[PDB]
Structures are given as structure tokens and as C-alpha cells.
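Okay, so here's the structure we're looking at.
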Amino acid sequence: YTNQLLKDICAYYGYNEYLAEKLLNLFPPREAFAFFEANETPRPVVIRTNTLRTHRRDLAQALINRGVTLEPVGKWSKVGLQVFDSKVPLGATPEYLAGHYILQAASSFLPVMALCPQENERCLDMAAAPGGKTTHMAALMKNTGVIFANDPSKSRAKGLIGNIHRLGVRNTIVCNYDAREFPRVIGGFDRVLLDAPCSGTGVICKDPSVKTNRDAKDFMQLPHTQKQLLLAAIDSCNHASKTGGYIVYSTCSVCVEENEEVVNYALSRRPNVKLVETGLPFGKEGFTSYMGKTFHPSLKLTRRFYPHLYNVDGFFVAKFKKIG
Amino acid sequence: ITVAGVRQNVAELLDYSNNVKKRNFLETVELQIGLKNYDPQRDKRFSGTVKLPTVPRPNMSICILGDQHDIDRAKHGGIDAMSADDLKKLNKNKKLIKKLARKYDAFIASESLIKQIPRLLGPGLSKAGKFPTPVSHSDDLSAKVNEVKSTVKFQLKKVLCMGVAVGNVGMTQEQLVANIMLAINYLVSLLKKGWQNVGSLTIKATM
RNA sequence: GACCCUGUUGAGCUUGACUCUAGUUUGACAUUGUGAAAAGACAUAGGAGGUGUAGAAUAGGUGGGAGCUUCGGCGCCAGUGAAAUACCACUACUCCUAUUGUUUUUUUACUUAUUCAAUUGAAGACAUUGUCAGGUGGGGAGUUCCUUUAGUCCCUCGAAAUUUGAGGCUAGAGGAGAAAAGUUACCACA
């Protein structure tokens, strides 16, 4: 029965009773079991090629010349390079120290290609804690425009400034601001980016505390904070521009309060937002209804990413357009 | 509201609607209340009880959660009374207690037993809108169940439409329109404003 | 020798005052129009939907209600579900269509604005301009409250199928001034 399944799953995987019940609900039973294998299982290691200093083939040749076993990953990315084995440590290679390549995950790739950053464009990132997304966006504008890096913690900022100035970005300013306050500071951007603080169920391999240390109270305040985070994104972008500018909503969680509910609240409160096809090559459509509540059918255009289908972390991507 | 309009529709209910439909169900009507611009997601949510001494529904599926000095009176009155061993059995199995919660339309609980109910089956039965009314120190089960029953719970939910079924065709017209008048007066008083706050009142039958 | 200290130099760490403002910057509103072509939004009037899971199932939702009943199909029930199907009663979103319109943009031109040569030609509705509402301000002019913690779970703004979060209020404890200062079981030198 279902109750025997919940008690057996919480015992053998060590989940909390609540979060196992929530994650069991959004999946068919055999699909849930295949998902519990993968999210606990460690994920493959992926490399983003700096387009500024090098490119895909000559970096690949260089790392094999240093003994690194690589493979171009997918037809999705012209920028991604999977690693399989490496005699030398990855951070030890002189290509890394110059900034020819940067350690990332797969889920850090796809919001950036969900965005379509162009040259001489003012852009943004409300949370750039590892700094991989910011360096990817600057790789697309070819060292032009301006990125406003933002992170509310000074400790993560030191790794940001270290990662940015190694990669040769020269166009980003980093501010230690709460991003709820950010449209009051400037506003008027083209392409804003948000990687909100989330529950972290999408990636348990990096953070195994979410197995138990995530309860009823945490599932109210945390999606509450994404809402004020997300309404600021529309209230900061431009309704019109010479090059049309779009919002991108990216969360590292598979939860349904964190994902597909916040975008319903945003598109209801602000009617000057539309959602169209998000440009990522694959994915799964969002659910139009989960627990008796209906979302607008624009969420069929949103893409959800899962550990069991793809060896990626759990992710949500959605892109917005501003009207007025 | 207009009392002449109330007489018009209860004459249109009985017996014009009885002649038009020839209802084969249990003959009862309901009142549906629609309101214009009261946001259910905001504050000042209302939940009150309407004391109706008419008992609009005679087929009222009643049971009690009784302690001592109630077994002999409930058995004489045809009321199912369960002792402390039975609630322990009804706490061991949760599927059976939910099924009879659908079967029995009201629960009456004593003072000491409602203190013993929130152990583990309290919140389990609380997720149904099944609040049990507590008894008083008079301990007269006769005519207190009649006063406890027919107490309409005017509860606000997140949908902008609300319905209450009272009134049968076997009772006199003067008593039922007094029930309708008392219900809409308590509904208006429980609301944030007066009669402006309601938008439409439908006192049509079920069939 | 370790080890302690003094001075200089690096690595820091904590500061380096308040009010208007130069500068600089975001948003909004105007000169700044006239056509065409499109596109979009809402204004009404029609048509049709809907498959997360499980449930036999393309379950909007909601009020009741247990055969309303043409066949006893559908019912009842049983499951299965957050929500259950019969029956009547209500009204939501989306996508189309229409005209029963208000519009807003983009593109294309023109100059009917605006800017230069000139002192009639070009650019051209772009800039540019000004006013409000902001951000910053190591600069210019004067001038000499916040931090840590708890409660009112009281008031305001948010969020949630009824409980939270952020501000307000209250109370236990702290306080010669951009030229430069205090500190380190730290570094190099003497």
C-alpha cells in the first residue's frame, strides 16, 4: 500500500517523512523509484569553455595533451565538455588559471542559453554566488554591455570576484544588495536573470542536508521569498527596448510550491508578462494543475529538468516578456 | 429584502414547483448567496453558527461520543453511544473512522472525551470540517441534540459562491420564511458590512 | 639556538561624522506630428475545449442531490481519488471568429515639430529639451542616531484553505572629527 511505501522509502533512503511524501506525489510509483536513485547518486562533471580566450576544440586538445579524458557532451551545447578521467587535477591545469575553462554543472548552462544575450545590452543577475552564470552571459555579449552581479553575502562575493577577474570579464560590477531592493536602486534593464534561493531538492548530491532538514515551516517562507524576488524582476525590466529584453526564472528545486506556483502568482499580479517557448532544446512541460488548483495554460511552455531522464540536477526554467 | 417577494417565491416553490417538477427526491430547497467584491484571501474571515429552532432536515444522521451517565439514555433513545474501548478501536483503524464520518453527519462529544480526542485522531478528523460540538453540565440529551442540530455553520471558503440547504415542504410557510429571514439577518451581521455586501440571493429548490 | 621586545615595510582587521548640493544615474510626463503597412492589448457578440497521479477514463470549478428518470443505458453502490461521476442549477480561464470599438506599439516614409549650415538647403520626429519621483555622492557649502536582544503577536504591508514573513511601537545593554588613527603569539629588514 501507499503507507507502507512511504515508511519503507523514508527508512531506506533516510528522507524526512514530509518531503518524501511530497516527492512521491509528483511522480508515478516506478518513476519515483528511478528518481530516488539518481538524485542521491553523484552527477557527472561538466566544463564550460571560455569563448573569449579559447574555444571548444583547441581547449579539448590541450587537456588531453595534459592527460584529461574528455568528450563533447550532447548536441545541446557548443560550449560544454564532459570529463571522465584526469591525472592532473582540474584546477591545477594552466588553462584553468588563465581562465580557458571553468567548472560548472549542467543546470548552470541552461538558464544562460534560455536567455539570448546580445551585444551592448544591459543585463543583470540577482544571485551569482558561484559566478558561473555571469561568466557565461559575458561570453555571449563578447565583452560588451554591462552585467550587474548581485549576491547578498560577502563571503560568496570573494569567490565571485576571483572567478570573474580570472575569466577576463572586464564588464561586470558586483554589489552586495538584497535583490528585493534592487529595482529601487536602478531598474531599466534588458535581460534580467534570477537564480533564487530555493529548497535545494533538485540537487541533493551537493547538499545532503535537505534529506531531513526541510519541513513544513521552510516550505512556506522560502517560496514566499521567491515571490518578492520574482516580482522585482518585472518591476526592474524595460517594457520596450531597441533590442527586446526578457526575464528568466531558474530554480534548483523540483518542489511544486517553489516551481509553477510562483510563476502563477507573478503572471496573475502583473498582467504585462507573457511566457513563450523557452528555447532550450529538450525538457518536460510544466503541470497545469497539481493539487486542485489551476494555473494558466502558459506553463505548458515552461521546461522542467529531472535527474532520472537526464544526468542533470533538478531544475525549472521559464522566460518572461515585458509589455507595459 | 422584501417580505412580499419572499411570499412570492415560497408560493412559487410550494406548490408551483411541486406541480412543475413532481419531485421524487427528498423535498427540500437551498439558499445560494453571491457577493460582489469580498476577497477571500484577505483578513476577517467569518465562521459563525445560526440557531434555528425548526430542524429543517428530519433525517439527521446523529451519533454521540458519550462517557458514563449517557449509555442508558442513548440506548433508550436509539442513539449509538461508544465507550472508551471503542474509540481506541476507532483510533487503531483510520479508514473505518473516516467512512463513518461520511456516514454520520454530526458528532457530539463530552467534556472529558474532547480532551482525550486530540491525541492522534484529533487532527486526523479535523481535516474534514467535522468540528464536534461539546455538551454542557445539564447532561440532558433530550432537546439538547435538537438545539445543537439545525445550527447552520456559515463558513467562508475561497470560492465566491456559498449554499445552505434548509426548509422542507411538509412544514408551514410562516415558519420557513422565519428561518430564511433569520438566516439572512445573521449572514448580514456576520459579514463585514450590511445588506450591500451580498449581491444575489437564490432561494430556488434542489429540483 | 628556540623564545621575548623595539623601529621601518607588507598582509590584513575596524573605522574615517550629519544636512543640502556639484557631478552622475534610473523611471515617468511634454514639444515630438501626418499617412500607409502590420502586430498586440483590452470593448462587446458567437463557436469549441480540459488526458500530473490514480481512477475504466481528455475530472474546469461551484450549489445542492441520491435513480431526474426516453433504453433502465445512465443510475445507486463500489472503488479510486484533494475533489466522483445519475439529475438539475451557476460561472470561470484559454484559443479562434466577428465588429458592436477604444487603443498601444513596431516598420516604412514625409516634415506639420526639433537641430545645424545659412544667417534658403540638409538631418529629422531621432535626438535634444524641461518638470516630477528616485539612487549615489572620498567632491562643493554649511554643521559638532544607529548596534546587540526580547516583547506588545498590539497596528501597517505582504503571504498562506485560517498560520506565517517584513516594517511600526515598547524595553535590558553600548557609544575636534577624509587629514589620518588602534590592533595582530603574522611577513621581510635593522
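How things are named: the first chain in the C-alpha cells is A, the next is B, and so on; residues count from 1 in each chain; ligands count from 1 in the order shown.
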
Next on the checklist: Among segment 166-246 of chain A, which ones does DSSP assign to alpha helix (DSSP H) (computed from the backbone)? Answer as number ranges by chain.
Outcome noted: A: 166-167, 182-185, 218-236

Selected residues, N, CA and C atoms, written as a PDB file, in the first residue's frame, please.
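Full text of again-v4.pdb as output:
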```pdb
ATOM      1  N   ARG A 166      39.505  36.259 -13.106  1.00  0.00           N
ATOM      2  CA  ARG A 166      40.324  35.248 -13.759  1.00  0.00           C
ATOM      3  C   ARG A 166      39.849  35.019 -15.185  1.00  0.00           C
ATOM      4  N   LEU A 167      38.534  34.963 -15.377  1.00  0.00           N
ATOM      5  CA  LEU A 167      37.935  34.668 -16.670  1.00  0.00           C
ATOM      6  C   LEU A 167      38.066  35.821 -17.656  1.00  0.00           C
ATOM      7  N   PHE A 182      16.383  45.893  -5.312  1.00  0.00           N
ATOM      8  CA  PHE A 182      17.225  46.243  -6.455  1.00  0.00           C
ATOM      9  C   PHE A 182      16.536  47.121  -7.500  1.00  0.00           C
ATOM     10  N   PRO A 183      15.258  46.917  -7.876  1.00  0.00           N
ATOM     11  CA  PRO A 183      14.647  47.871  -8.827  1.00  0.00           C
ATOM     12  C   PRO A 183      14.522  49.288  -8.298  1.00  0.00           C
ATOM     13  N   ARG A 184      14.450  49.471  -6.975  1.00  0.00           N
ATOM     14  CA  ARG A 184      14.506  50.824  -6.437  1.00  0.00           C
ATOM     15  C   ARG A 184      15.869  51.448  -6.696  1.00  0.00           C
ATOM     16  N   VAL A 185      16.924  50.633  -6.708  1.00  0.00           N
ATOM     17  CA  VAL A 185      18.263  51.164  -6.934  1.00  0.00           C
ATOM     18  C   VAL A 185      18.413  51.637  -8.375  1.00  0.00           C
ATOM     19  N   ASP A 218       9.642  25.620   6.535  1.00  0.00           N
ATOM     20  CA  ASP A 218      10.564  26.053   5.491  1.00  0.00           C
ATOM     21  C   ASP A 218       9.895  26.097   4.125  1.00  0.00           C
ATOM     22  N   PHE A 219       8.815  25.351   3.938  1.00  0.00           N
ATOM     23  CA  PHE A 219       8.139  25.348   2.652  1.00  0.00           C
ATOM     24  C   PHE A 219       7.103  26.451   2.533  1.00  0.00           C
ATOM     25  N   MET A 220       6.953  27.288   3.553  1.00  0.00           N
ATOM     26  CA  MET A 220       6.145  28.494   3.448  1.00  0.00           C
ATOM     27  C   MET A 220       6.974  29.749   3.256  1.00  0.00           C
ATOM     28  N   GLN A 221       8.047  29.929   4.030  1.00  0.00           N
ATOM     29  CA  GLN A 221       8.818  31.163   3.928  1.00  0.00           C
ATOM     30  C   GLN A 221       9.648  31.196   2.658  1.00  0.00           C
ATOM     31  N   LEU A 222      10.213  30.059   2.272  1.00  0.00           N
ATOM     32  CA  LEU A 222      11.102  30.043   1.113  1.00  0.00           C
ATOM     33  C   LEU A 222      10.375  30.330  -0.201  1.00  0.00           C
ATOM     34  N   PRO A 223       9.231  29.702  -0.542  1.00  0.00           N
ATOM     35  CA  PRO A 223       8.516  30.164  -1.752  1.00  0.00           C
ATOM     36  C   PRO A 223       7.937  31.559  -1.610  1.00  0.00           C
ATOM     37  N   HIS A 224       7.664  31.989  -0.377  1.00  0.00           N
ATOM     38  CA  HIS A 224       7.259  33.368  -0.130  1.00  0.00           C
ATOM     39  C   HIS A 224       8.352  34.330  -0.566  1.00  0.00           C
ATOM     40  N   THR A 225       9.609  33.982  -0.294  1.00  0.00           N
ATOM     41  CA  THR A 225      10.708  34.873  -0.640  1.00  0.00           C
ATOM     42  C   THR A 225      10.989  34.889  -2.134  1.00  0.00           C
ATOM     43  N   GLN A 226      10.688  33.803  -2.851  1.00  0.00           N
ATOM     44  CA  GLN A 226      10.851  33.832  -4.301  1.00  0.00           C
ATOM     45  C   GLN A 226       9.861  34.786  -4.946  1.00  0.00           C
ATOM     46  N   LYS A 227       8.697  34.974  -4.323  1.00  0.00           N
ATOM     47  CA  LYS A 227       7.682  35.846  -4.898  1.00  0.00           C
ATOM     48  C   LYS A 227       8.139  37.300  -4.912  1.00  0.00           C
ATOM     49  N   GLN A 228       8.596  37.816  -3.768  1.00  0.00           N
ATOM     50  CA  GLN A 228       9.153  39.164  -3.739  1.00  0.00           C
ATOM     51  C   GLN A 228      10.417  39.258  -4.572  1.00  0.00           C
ATOM     52  N   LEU A 229      11.161  38.159  -4.673  1.00  0.00           N
ATOM     53  CA  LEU A 229      12.293  38.109  -5.583  1.00  0.00           C
ATOM     54  C   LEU A 229      11.835  38.214  -7.029  1.00  0.00           C
ATOM     55  N   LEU A 230      10.725  37.559  -7.369  1.00  0.00           N
ATOM     56  CA  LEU A 230      10.369  37.462  -8.777  1.00  0.00           C
ATOM     57  C   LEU A 230       9.587  38.679  -9.245  1.00  0.00           C
ATOM     58  N   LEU A 231       8.717  39.239  -8.396  1.00  0.00           N
ATOM     59  CA  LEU A 231       8.004  40.462  -8.763  1.00  0.00           C
ATOM     60  C   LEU A 231       8.963  41.623  -8.982  1.00  0.00           C
ATOM     61  N   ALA A 232      10.116  41.596  -8.315  1.00  0.00           N
ATOM     62  CA  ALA A 232      11.125  42.618  -8.555  1.00  0.00           C
ATOM     63  C   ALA A 232      11.715  42.506  -9.951  1.00  0.00           C
ATOM     64  N   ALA A 233      11.699  41.307 -10.539  1.00  0.00           N
ATOM     65  CA  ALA A 233      12.301  41.121 -11.854  1.00  0.00           C
ATOM     66  C   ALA A 233      11.498  41.822 -12.943  1.00  0.00           C
ATOM     67  N   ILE A 234      10.165  41.764 -12.871  1.00  0.00           N
ATOM     68  CA  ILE A 234       9.369  42.514 -13.839  1.00  0.00           C
ATOM     69  C   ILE A 234       9.481  44.005 -13.573  1.00  0.00           C
ATOM     70  N   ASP A 235       9.551  44.395 -12.305  1.00  0.00           N
ATOM     71  CA  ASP A 235       9.432  45.802 -11.952  1.00  0.00           C
ATOM     72  C   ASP A 235      10.782  46.477 -12.206  1.00  0.00           C
ATOM     73  N   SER A 236      11.799  45.680 -12.536  1.00  0.00           N
ATOM     74  CA  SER A 236      13.102  46.217 -12.917  1.00  0.00           C
ATOM     75  C   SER A 236      13.376  46.226 -14.416  1.00  0.00           C
TER      76      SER A 236
END
```

Next on the checklist: Among segment 101-293 of chain A, which ones does DSSP assign to strand (DSSP E) (computed from the backbone)? Answer as a ChimeraX atom specification.
Outcome noted: /A:101-104,122-125,146-150,172-175,193-195,246-251,273-274,284-285

Okay, now the selection with C-alpha atoms, as a PDB file, in the first residue's frame?
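Result written to result-v6.pdb:
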```pdb
ATOM      1  CA  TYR A 101      37.623  26.833 -18.841  1.00  0.00           C
ATOM      2  CA  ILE A 102      35.501  26.872 -15.711  1.00  0.00           C
ATOM      3  CA  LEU A 103      33.953  24.150 -13.577  1.00  0.00           C
ATOM      4  CA  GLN A 104      30.170  24.179 -13.795  1.00  0.00           C
ATOM      5  CA  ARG A 122      22.397  45.985 -20.041  1.00  0.00           C
ATOM      6  CA  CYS A 123      21.876  42.760 -18.092  1.00  0.00           C
ATOM      7  CA  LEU A 124      21.607  41.530 -14.534  1.00  0.00           C
ATOM      8  CA  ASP A 125      21.941  38.607 -12.117  1.00  0.00           C
ATOM      9  CA  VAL A 146      27.231  45.716 -18.529  1.00  0.00           C
ATOM     10  CA  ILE A 147      26.333  42.981 -16.018  1.00  0.00           C
ATOM     11  CA  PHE A 148      25.183  43.900 -12.523  1.00  0.00           C
ATOM     12  CA  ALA A 149      26.326  40.989 -10.373  1.00  0.00           C
ATOM     13  CA  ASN A 150      24.402  40.734  -7.118  1.00  0.00           C
ATOM     14  CA  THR A 172      30.653  43.328 -14.516  1.00  0.00           C
ATOM     15  CA  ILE A 173      30.010  45.310 -11.335  1.00  0.00           C
ATOM     16  CA  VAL A 174      29.231  43.269  -8.216  1.00  0.00           C
ATOM     17  CA  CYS A 175      27.036  44.638  -5.427  1.00  0.00           C
ATOM     18  CA  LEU A 193      18.402  36.773 -14.605  1.00  0.00           C
ATOM     19  CA  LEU A 194      17.335  35.234 -11.307  1.00  0.00           C
ATOM     20  CA  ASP A 195      18.587  32.045  -9.652  1.00  0.00           C
ATOM     21  CA  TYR A 246      13.431  39.068 -21.333  1.00  0.00           C
ATOM     22  CA  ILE A 247      13.383  37.690 -17.779  1.00  0.00           C
ATOM     23  CA  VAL A 248      14.462  34.109 -16.971  1.00  0.00           C
ATOM     24  CA  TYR A 249      13.273  32.230 -13.866  1.00  0.00           C
ATOM     25  CA  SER A 250      15.618  29.435 -12.758  1.00  0.00           C
ATOM     26  CA  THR A 251      15.283  27.389  -9.561  1.00  0.00           C
ATOM     27  CA  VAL A 273       4.028  39.484 -18.636  1.00  0.00           C
ATOM     28  CA  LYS A 274       3.778  36.764 -21.258  1.00  0.00           C
ATOM     29  CA  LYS A 284       9.291  18.341 -19.908  1.00  0.00           C
ATOM     30  CA  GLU A 285       6.290  20.644 -19.834  1.00  0.00           C
TER      31      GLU A 285
END
```

Next on the checklist: Using only C-alpha atoms (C1' of nucleotides), which protein or nucleic acid residues come within 9 Å of segment 63-71 of chain B? Drop anything in the same chain fewer than 2 positions from it, and give the result as a list in words.
Outcome noted: residues 61, 73, 74, 75, 76, 79, 80, 81, 82, 83, 84, 87, 104, 105, 106, 107, 108, 109, 110, 111, 112, 113, 114, 139 and 141 of chain B

Next on the checklist: At a cut-off of 10 Å, using only C-alpha atoms (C1' of nucleotides), what residues contact residue 48 of chain B? Leave out same-chain residues fewer than 2 positions from it and give the result as a ChimeraX atom specification.
Outcome noted: /B:46,50-51,151-156,186-187,190

Item to check | Check: which chain A residues lie within 10 Å of chain C using only C-alpha atoms (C1' of nucleotides), as a PyMOL selection string | outcome: chain A and resi 24-29+183-189+217+220-225+227-228+236+238+240+272+286-298+323-324

Counting only C-alpha atoms, give me one row per residue of chain B with an atom at most 12 Å from an atom of chain A, showing the shortest contact pair and its distance in Å to one decimal, sorted by chain then residue number, as CSV.
```
residue,atom,partner,partner_atom,distance
B:94,CA,A:3,CA,11.9
B:158,CA,A:293,CA,11.3
B:159,CA,A:293,CA,11.8
```

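Within 7 Å of chain B, chain C contributes the residues residues 62, 63, 64, 88 and 161 of chain C, using only C-alpha atoms (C1' of nucleotides).
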
Next on the checklist: Excluding residue 58 of chain B and its own-chain neighbours fewer than 6 positions away, which residues fall within 12 Å of it when counting only C-alpha atoms (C1' of nucleotides)? Please give them as a ChimeraX atom specification.
Outcome noted: /B:26-28,146,149-150,166-171

Got time to write the residues from that selection, N, CA, C and O atoms, as a PDB file, in the first residue's frame?
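What follows is the written file again39.pdb:
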```
ATOM      1  N   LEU B  26     -35.928  13.759  -1.781  1.00  0.00           N
ATOM      2  CA  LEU B  26     -36.385  14.374  -0.544  1.00  0.00           C
ATOM      3  C   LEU B  26     -36.653  15.852  -0.796  1.00  0.00           C
ATOM      4  O   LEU B  26     -35.766  16.588  -1.243  1.00  0.00           O
ATOM      5  N   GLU B  27     -37.879  16.285  -0.519  1.00  0.00           N
ATOM      6  CA  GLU B  27     -38.332  17.624  -0.888  1.00  0.00           C
ATOM      7  C   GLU B  27     -37.688  18.655   0.030  1.00  0.00           C
ATOM      8  O   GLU B  27     -38.097  18.827   1.180  1.00  0.00           O
ATOM      9  N   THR B  28     -36.670  19.345  -0.482  1.00  0.00           N
ATOM     10  CA  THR B  28     -36.019  20.415   0.257  1.00  0.00           C
ATOM     11  C   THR B  28     -35.483  21.443  -0.730  1.00  0.00           C
ATOM     12  O   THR B  28     -35.277  21.153  -1.912  1.00  0.00           O
ATOM     13  N   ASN B 146     -31.454  18.405  19.649  1.00  0.00           N
ATOM     14  CA  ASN B 146     -32.304  19.199  18.766  1.00  0.00           C
ATOM     15  C   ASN B 146     -31.832  20.646  18.691  1.00  0.00           C
ATOM     16  O   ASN B 146     -31.899  21.272  17.626  1.00  0.00           O
ATOM     17  N   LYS B 149     -28.295  20.438  16.840  1.00  0.00           N
ATOM     18  CA  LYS B 149     -28.566  20.289  15.420  1.00  0.00           C
ATOM     19  C   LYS B 149     -29.343  21.496  14.901  1.00  0.00           C
ATOM     20  O   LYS B 149     -29.833  22.329  15.671  1.00  0.00           O
ATOM     21  N   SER B 150     -29.414  21.591  13.568  1.00  0.00           N
ATOM     22  CA  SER B 150     -30.004  22.704  12.821  1.00  0.00           C
ATOM     23  C   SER B 150     -29.274  24.015  13.097  1.00  0.00           C
ATOM     24  O   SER B 150     -29.831  25.095  12.883  1.00  0.00           O
ATOM     25  N   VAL B 166     -31.911  24.351   3.602  1.00  0.00           N
ATOM     26  CA  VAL B 166     -32.873  24.293   4.699  1.00  0.00           C
ATOM     27  C   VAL B 166     -34.278  24.330   4.110  1.00  0.00           C
ATOM     28  O   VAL B 166     -34.490  24.755   2.974  1.00  0.00           O
ATOM     29  N   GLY B 167     -35.247  23.880   4.902  1.00  0.00           N
ATOM     30  CA  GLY B 167     -36.643  24.040   4.546  1.00  0.00           C
ATOM     31  C   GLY B 167     -37.240  22.892   3.760  1.00  0.00           C
ATOM     32  O   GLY B 167     -36.779  22.580   2.658  1.00  0.00           O
ATOM     33  N   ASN B 168     -38.271  22.262   4.313  1.00  0.00           N
ATOM     34  CA  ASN B 168     -38.997  21.190   3.649  1.00  0.00           C
ATOM     35  C   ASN B 168     -40.413  21.640   3.308  1.00  0.00           C
ATOM     36  O   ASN B 168     -40.909  22.651   3.811  1.00  0.00           O
ATOM     37  N   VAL B 169     -41.065  20.869   2.432  1.00  0.00           N
ATOM     38  CA  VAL B 169     -42.433  21.192   2.025  1.00  0.00           C
ATOM     39  C   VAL B 169     -43.476  20.712   3.019  1.00  0.00           C
ATOM     40  O   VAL B 169     -44.647  21.096   2.904  1.00  0.00           O
ATOM     41  N   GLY B 170     -43.091  19.882   3.993  1.00  0.00           N
ATOM     42  CA  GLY B 170     -44.044  19.390   4.971  1.00  0.00           C
ATOM     43  C   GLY B 170     -44.341  20.351   6.100  1.00  0.00           C
ATOM     44  O   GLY B 170     -45.321  20.151   6.826  1.00  0.00           O
ATOM     45  N   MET B 171     -43.525  21.386   6.265  1.00  0.00           N
ATOM     46  CA  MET B 171     -43.711  22.376   7.313  1.00  0.00           C
ATOM     47  C   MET B 171     -44.442  23.598   6.764  1.00  0.00           C
ATOM     48  O   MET B 171     -44.525  23.817   5.553  1.00  0.00           O
TER      49      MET B 171
END
```

Checklist entry - In Å, how far is it from atom CA of residue 9 of chain B to atom CA of residue 148 of chain B? => result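 Computing the Euclidean distance for atom CA of residue 9 of chain B and atom CA of residue 148 of chain B yields 29.1 Å.
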